[PDB]
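First up is the structure itself, then whatever we jot down about it.
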């Protein structure tokens, strides 16, 4: 269902 | 900044 | 068989 | 240090 593998791009929220 | 890297978990929207 | 999506973990090599 | 983030691309080994 849908496309890709997961949701959004990355792992979490931000940079560090 | 925040937690982890980027936004979400994985890549795109779904599995496919 | 394939597992998850990608090779390793992240997007590149290091932090920056 | 290095380029981008982490060690690899995505998470895992191939596409499952």
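Chains as they are written, first to last, in the numbering used here: chain A, 9 to 24; chain B, 9 to 24; chain C, 9 to 24; chain D, 9 to 24.
Cβ coordinates follow ideal geometry from the N, Cα and C atoms, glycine included.
| said: Rounded to whole angstroms, what is the Cα-Cα separation between residue 21 of chain C and residue 9 of chain A? | reply: On the third chain, residue 21 of chain C is found 13 positions in, with the first residue counted as 1. On the first chain, residue 9 of chain A is found 1 positions in, with the first residue counted as 1. One C-alpha to the other measures close to 31 Å.
| Outcome for residue 13 of chain A when other beta-carbon atoms lying within 10 angstroms are tallied against a minimum of 16 | Within the first chain, residue 13 of chain A is the residue found at index 5, counting from 1. With 16 or more Cβ atoms within 10 Å of its Cβ, residue 13 of chain A is classed as buried.
| message | Please state whether the Cβ-Cβ distance between residue 17 of chain C and residue 15 of chain D is less than 8 Å. | response | In the third chain, the residue the question calls residue 17 of chain C occupies position 9. In the fourth chain, the residue the question calls residue 15 of chain D occupies position 7. Yes. Within cutoff.
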